[PDB]
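Chemist: Following this message is one structure expressed as C-alpha cells.
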Amino acid sequence: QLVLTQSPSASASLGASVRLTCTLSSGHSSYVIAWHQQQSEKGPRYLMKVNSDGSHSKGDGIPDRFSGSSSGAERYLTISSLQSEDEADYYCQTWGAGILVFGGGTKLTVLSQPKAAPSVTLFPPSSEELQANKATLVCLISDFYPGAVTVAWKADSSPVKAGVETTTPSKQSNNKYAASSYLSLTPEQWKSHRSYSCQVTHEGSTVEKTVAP
Amino acid sequence: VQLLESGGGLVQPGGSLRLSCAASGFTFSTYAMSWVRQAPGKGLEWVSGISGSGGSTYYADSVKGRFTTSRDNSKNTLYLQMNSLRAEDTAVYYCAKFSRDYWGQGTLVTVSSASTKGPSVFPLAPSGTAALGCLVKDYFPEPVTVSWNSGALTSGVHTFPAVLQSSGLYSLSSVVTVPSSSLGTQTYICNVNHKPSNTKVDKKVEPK
C-alpha cells in the first residue's frame with residue numbers, strides 16, 4: 001500500500017532557495033500531499049497542500065516564499081529567500097481510504113550563517129541543596145551556532161567523568177542553539193577542591209567558566 | 001481554529017488512559033479528525049482517524065484493538081481511549097484536522113513502571129546584567145512549566161530543555177537575565193509547576 005519516502009537531510013544557503021522532495025510509492029499517482037514543518041521542541045505546523053496538478057493552497061500566515069509543485073511520483077516544497085528560522089524538520093503527509101500516511105521527515109540545515117559562540121553560565125550548588133546533603137553544578141550553554149558542542153568538566157585541573165549529565169542541543173526561538181550540563185557531587189567533594197570548571201568546546205574553540213566553594 | 005489536547009500523564013504498562021481534544025472555531029461535525037503521535041526523537045506516526053460525526057473509524061495496525069477513538073459533536077470534543085498500554089506507546093499525542101489543516105499542541109503519554117516524583121526546587125544565585133535562576137531537580141515524568149513573577153517577567157527568560165539522568169529522573173533549569181541594579185530590591189520568584197505530581201513551588205531567588 002501507499003508509502004511516502006523522504007531523504008533524511010537537506011541543505012541550502014541563507015538567502016538562496018531549496019526544494020524538498022516527497023516520493024509517492026506506486027499505485028497512488030493522484031493523491032494530495034501536505035507539508036508540515038516542525039521546529040525543535042515545538043509541535044508541527046501546517047504549511048500547504050500540493051495535489052498531483054502542481055497547484056497549491058497554503059496555511060494561515062505562511063509566507064509567499066513557500067510554494068509547492070509536482071512531477072510524476074514526486075511532490076515538492078520550495079522555500080526561497082532562506083532564513084535561519086527555516087532550519088527545521090519537514091514532513092510530507094497524505095490520506096487514502098481513511099488511512100493517513102507520513103513521510104519520514106527531512107531535516108533542513110541553512111548554510112552560510114555566521115558562527116555564534118556559546119554564552120556559558122555556571123552556577124555552584126545552592127546553600128539549600130548543600131543543607132540537603134547534595135550538590136549539583138549547573139552549566140547553561142546558549143546562543144551558539146552551529147548546533148553542536150562538547151562539554152567537559154574539571155575538578156581543579158583533572159577531568160571529571162562520573163556524575164556528568166549533558167543534554168543534546170536544541171534550537172532556541174532565536175534560531176541559535178542551547179544545551180545544559182549537570183555535575184553531581186557530594187558536598188564533601190565540592191568543598192575539597194579549589195575550583196570546578198565547565199568547559200564548552202564549539203567549532204574548535206573551548207570556553208570555560210569556573211566556580212569555587 | 002483551536003485544538004487543545006488534555007489527559008496525558010504517566011500510566012503503568014497494561015494500564016489505561018483517555019485523551020481529549022477540545023475543538024473550536026469551525027463546524028466540528030463536518031470534518032474527519034485524526035490522532036497523530038511522536039515518540040522521542042522519532043517521526044510523526046498516524047494513530048487513528050474518525051469521520052465527521054463518527055460512523056467510520058480507522059486505526060494504525062500498531063494500536064488496533066487497544067485504542068478506541070470517539071467524538072462528541074455537540075461538545076466538539078475528540079477522544080482517544082487507550083487500554084492495555086505498552087511502553088512503546090510513549091509519545092506526544094496530537095489531535096489534528098486534515099482536510100487548511102490544523103494541529104493541536106500535543107499531550108505527553110508516558111508508559112513506564114517508574115513512579116511519579118515531584119521535583120526539588122533550588123534557587124540559583126545571582127553573582128550591567130546578572131543571571132539568576134532555578135534548578136528543578138529529579139522529577140518524573142515530563143513536563144514541568146516555569147514562569148517568573150507569575151508571568152509578569154518574560155523578557156530575558158530562558159527555560160532549558162530537561163536532561164534525562166541515568167537514575168531515570170529529569171532535571172531542568174530556568175535562568176533570567178536582569179539588571180544588576182535591581183538585585184537588592186526587585187523580588188524574583190520562579191513559579192514551578194509539575195502537574196503529574198500536583199507539585200507547585202514558588203521559589204524566591206535571593207542575592208548572596
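Residue numbers start at 1 in each chain; chains themselves are named A, B, ... in the order of the C-alpha cells; ligands are numbered from 1 in the order shown.
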Could you please tell me, as a list in words, which residues of chain A have an atom within 7 Å of chain B when using only C-alpha atoms?

Modeler: residues 43, 44, 45, 46, 59, 98, 99, 100, 101, 102, 104, 105, 123, 126, 128, 129, 165, 166 and 167 of chain A

Chemist: Suppose we keep C-alpha atoms; can you now write the selection as an mmCIF file, in the first residue's frame?

Modeler:
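Output (out.cif):
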data_model
loop_
_atom_site.group_PDB
_atom_site.id
_atom_site.type_symbol
_atom_site.label_atom_id
_atom_site.label_comp_id
_atom_site.auth_asym_id
_atom_site.auth_seq_id
_atom_site.Cartn_x
_atom_site.Cartn_y
_atom_site.Cartn_z
ATOM 1 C CA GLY A 43 4.562 20.810 17.636
ATOM 2 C CA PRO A 44 4.065 20.557 13.876
ATOM 3 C CA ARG A 45 2.735 23.463 11.848
ATOM 4 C CA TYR A 46 0.819 23.004 8.604
ATOM 5 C CA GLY A 59 -1.921 27.739 5.520
ATOM 6 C CA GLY A 98 -9.429 6.514 5.855
ATOM 7 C CA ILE A 99 -5.653 5.954 6.245
ATOM 8 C CA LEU A 100 -3.181 8.749 6.883
ATOM 9 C CA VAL A 101 0.436 8.396 5.707
ATOM 10 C CA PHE A 102 3.575 10.301 6.717
ATOM 11 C CA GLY A 104 9.946 10.067 7.478
ATOM 12 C CA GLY A 105 10.862 13.771 7.511
ATOM 13 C CA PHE A 123 26.140 28.011 38.913
ATOM 14 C CA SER A 126 22.925 26.375 46.294
ATOM 15 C CA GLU A 128 19.688 24.957 50.201
ATOM 16 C CA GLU A 129 20.884 21.919 48.238
ATOM 17 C CA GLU A 165 24.760 14.514 32.544
ATOM 18 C CA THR A 166 24.629 16.678 29.392
ATOM 19 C CA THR A 167 21.692 17.411 27.099
#

Chemist: Would you list, as a PyMOL selection string, the residues of range 44-103 of chain B that end up in strand (DSSP E) under DSSP run on this structure's backbone?

Modeler: chain B and resi 44-50+57-59+67-72+77-82+91-97+102-103

Chemist: Keeping N, CA, C and O atoms, export the residues of the selection given above as a compact mmCIF listing (two decimals), in the first residue's frame.

Modeler:
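Okay, this is what ended up in selection.txt:
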# COMPACT_ATOMS: atom_id res chain seq x y z
N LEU B 44 6.64 11.67 12.90
CA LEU B 44 5.18 11.69 13.10
C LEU B 44 4.59 10.35 12.66
O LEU B 44 4.95 9.82 11.62
N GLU B 45 3.69 9.78 13.48
CA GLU B 45 3.10 8.48 13.20
C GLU B 45 1.59 8.62 13.31
O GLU B 45 1.09 9.08 14.34
N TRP B 46 0.86 8.27 12.26
CA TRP B 46 -0.60 8.28 12.35
C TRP B 46 -1.10 7.23 13.34
O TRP B 46 -0.59 6.10 13.40
N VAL B 47 -2.07 7.61 14.18
CA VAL B 47 -2.67 6.71 15.15
C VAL B 47 -4.09 6.31 14.73
O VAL B 47 -4.40 5.13 14.63
N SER B 48 -4.95 7.29 14.46
CA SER B 48 -6.34 6.97 14.20
C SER B 48 -7.03 8.13 13.49
O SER B 48 -6.62 9.28 13.62
N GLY B 49 -8.09 7.82 12.75
CA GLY B 49 -8.92 8.86 12.17
C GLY B 49 -10.38 8.49 12.33
O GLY B 49 -10.74 7.32 12.38
N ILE B 50 -11.23 9.51 12.42
CA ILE B 50 -12.67 9.26 12.61
C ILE B 50 -13.45 10.22 11.71
O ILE B 50 -13.13 11.41 11.64
N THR B 57 -14.28 4.71 11.45
CA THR B 57 -13.07 4.90 12.25
C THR B 57 -11.97 3.99 11.73
O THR B 57 -12.23 2.83 11.39
N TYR B 58 -10.73 4.51 11.68
CA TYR B 58 -9.59 3.79 11.14
C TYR B 58 -8.45 3.86 12.14
O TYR B 58 -8.31 4.85 12.86
N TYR B 59 -7.63 2.81 12.17
CA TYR B 59 -6.55 2.72 13.16
C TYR B 59 -5.27 2.23 12.52
O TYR B 59 -5.29 1.34 11.67
N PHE B 67 -6.78 0.77 21.22
CA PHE B 67 -7.17 2.17 21.20
C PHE B 67 -8.53 2.29 20.55
O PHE B 67 -8.80 1.65 19.52
N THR B 68 -9.37 3.19 21.09
CA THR B 68 -10.71 3.44 20.55
C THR B 68 -10.93 4.94 20.46
O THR B 68 -10.91 5.65 21.48
N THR B 69 -11.18 5.42 19.25
CA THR B 69 -11.43 6.83 19.02
C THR B 69 -12.92 7.08 19.04
O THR B 69 -13.70 6.22 18.60
N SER B 70 -13.33 8.23 19.58
CA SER B 70 -14.73 8.63 19.52
C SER B 70 -14.82 10.15 19.51
O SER B 70 -13.81 10.86 19.60
N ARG B 71 -16.03 10.67 19.34
CA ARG B 71 -16.15 12.12 19.29
C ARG B 71 -17.54 12.52 19.76
O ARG B 71 -18.50 11.75 19.64
N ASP B 72 -17.63 13.75 20.27
CA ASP B 72 -18.91 14.33 20.71
C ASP B 72 -19.15 15.58 19.88
O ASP B 72 -18.43 16.58 20.00
N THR B 77 -15.68 17.69 20.86
CA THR B 77 -14.54 17.07 21.52
C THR B 77 -14.21 15.74 20.86
O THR B 77 -15.10 14.97 20.50
N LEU B 78 -12.92 15.53 20.63
CA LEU B 78 -12.40 14.27 20.12
C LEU B 78 -11.73 13.51 21.26
O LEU B 78 -11.04 14.11 22.08
N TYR B 79 -11.92 12.18 21.29
CA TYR B 79 -11.40 11.34 22.34
C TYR B 79 -10.54 10.21 21.79
O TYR B 79 -10.76 9.71 20.68
N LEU B 80 -9.58 9.80 22.61
CA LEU B 80 -8.80 8.59 22.33
C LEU B 80 -8.73 7.79 23.61
O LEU B 80 -8.08 8.23 24.57
N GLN B 81 -9.40 6.64 23.65
CA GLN B 81 -9.39 5.78 24.82
C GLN B 81 -8.34 4.71 24.61
O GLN B 81 -8.41 3.94 23.65
N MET B 82 -7.34 4.68 25.49
CA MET B 82 -6.26 3.70 25.39
C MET B 82 -6.41 2.68 26.50
O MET B 82 -6.62 3.05 27.67
N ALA B 91 4.70 8.67 23.90
CA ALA B 91 4.81 9.64 22.80
C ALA B 91 4.06 10.91 23.18
O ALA B 91 3.21 10.91 24.06
N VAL B 92 4.33 11.98 22.44
CA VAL B 92 3.43 13.13 22.44
C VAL B 92 2.29 12.83 21.46
O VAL B 92 2.54 12.41 20.32
N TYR B 93 1.05 12.99 21.92
CA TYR B 93 -0.12 12.72 21.09
C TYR B 93 -0.74 14.05 20.67
O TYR B 93 -1.03 14.91 21.51
N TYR B 94 -0.98 14.18 19.36
CA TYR B 94 -1.55 15.38 18.77
C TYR B 94 -2.93 15.08 18.20
O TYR B 94 -3.11 14.06 17.54
N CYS B 95 -3.89 15.96 18.45
CA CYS B 95 -5.07 15.90 17.60
C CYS B 95 -4.84 16.80 16.40
O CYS B 95 -4.10 17.79 16.45
N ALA B 96 -5.49 16.46 15.30
CA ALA B 96 -5.29 17.26 14.12
C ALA B 96 -6.52 17.17 13.23
O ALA B 96 -7.26 16.19 13.25
N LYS B 97 -6.70 18.20 12.41
CA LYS B 97 -7.76 18.22 11.41
C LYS B 97 -7.11 18.37 10.05
O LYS B 97 -6.58 19.44 9.73
N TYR B 102 -5.01 21.77 10.58
CA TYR B 102 -4.74 22.29 11.91
C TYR B 102 -4.18 21.20 12.81
O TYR B 102 -4.59 20.05 12.72
N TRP B 103 -3.26 21.59 13.68
CA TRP B 103 -2.65 20.71 14.67
C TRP B 103 -2.95 21.26 16.05
O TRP B 103 -2.92 22.48 16.26

Chemist: Using only C-alpha atoms, can you tell me which of A:92, A:155, A:148, A:130 comes closest to residue 22 in chain A?

Modeler: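 Of A:92, A:155, A:148, A:130, the one nearest residue 22 in chain A, counting only C-alpha atoms, is A:92.
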
Chemist: Compile the contact shell of residue 77 in chain A as an MDAnalysis selection string: residues with an atom at most 9 Å away, counting only C-alpha atoms, same-chain residues fewer than 6 positions apart removed.

Modeler: chainID A and resid 18:22 35 48 50 66:70

Chemist: With only C-alpha atoms as the basis for distance, which of A:88, A:111, A:117, A:179 is at the shortest distance from residue 204 in chain A?

Modeler: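 Answer, going by the shortest atom-to-atom distance: A:117.
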
Chemist: In Å, with one decimal, what is the gap from CA of residue 137 in chain A to CA of residue 182 in chain B?

Modeler: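 These atoms are spaced 25.1 Å apart.
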
Chemist: For CA of residue 199 in chain A and CA of residue 146 in chain A, determine how far apart the two atoms are, in Å to one decimal place.

Modeler: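 So the two atoms, CA of residue 199 in chain A and CA of residue 146 in chain A, lie 17.3 Å apart.
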
Chemist: Just list the residues in range 112-204 of chain B DSSP gives helix (DSSP H, G or I) on the backbone, as a PyMOL selection string.

Modeler: chain B and resi 149-151+180-182+195-197

Chemist: Just to be explicit: take each residue in the selection above, keep N, CA and C atoms, and write the result as an mmCIF file, in the first residue's frame.

Modeler:
data_model
loop_
_atom_site.group_PDB
_atom_site.id
_atom_site.type_symbol
_atom_site.label_atom_id
_atom_site.label_comp_id
_atom_site.auth_asym_id
_atom_site.auth_seq_id
_atom_site.Cartn_x
_atom_site.Cartn_y
_atom_site.Cartn_z
ATOM 1 N N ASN B 149 7.849 35.520 38.358
ATOM 2 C CA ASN B 149 6.968 36.553 38.927
ATOM 3 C C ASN B 149 5.540 36.424 38.410
ATOM 4 N N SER B 150 5.065 35.177 38.366
ATOM 5 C CA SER B 150 3.700 34.829 37.994
ATOM 6 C C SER B 150 3.361 35.302 36.589
ATOM 7 N N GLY B 151 4.368 35.373 35.712
ATOM 8 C CA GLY B 151 4.142 35.776 34.344
ATOM 9 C C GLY B 151 4.419 37.241 34.078
ATOM 10 N N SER B 180 21.673 44.191 36.954
ATOM 11 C CA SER B 180 22.358 44.060 38.236
ATOM 12 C C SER B 180 21.860 45.085 39.238
ATOM 13 N N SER B 181 21.428 46.250 38.761
ATOM 14 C CA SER B 181 20.995 47.290 39.681
ATOM 15 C C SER B 181 19.690 46.955 40.383
ATOM 16 N N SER B 182 18.921 45.988 39.872
ATOM 17 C CA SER B 182 17.692 45.546 40.520
ATOM 18 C C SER B 182 17.893 44.493 41.604
ATOM 19 N N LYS B 195 2.604 19.216 37.090
ATOM 20 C CA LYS B 195 1.230 18.736 37.230
ATOM 21 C C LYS B 195 1.138 17.243 37.497
ATOM 22 N N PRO B 196 1.974 16.370 36.911
ATOM 23 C CA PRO B 196 1.831 14.935 37.203
ATOM 24 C C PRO B 196 1.903 14.603 38.684
ATOM 25 N N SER B 197 2.606 15.399 39.490
ATOM 26 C CA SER B 197 2.714 15.157 40.926
ATOM 27 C C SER B 197 1.978 16.204 41.758
#

Chemist: Of the candidates A:87, A:74, A:208, A:188, which shows the shortest atom-to-atom distance to residue 31 in chain A, using only C-alpha atoms?

Modeler: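 Under the stated criterion, the closest residue is A:74.
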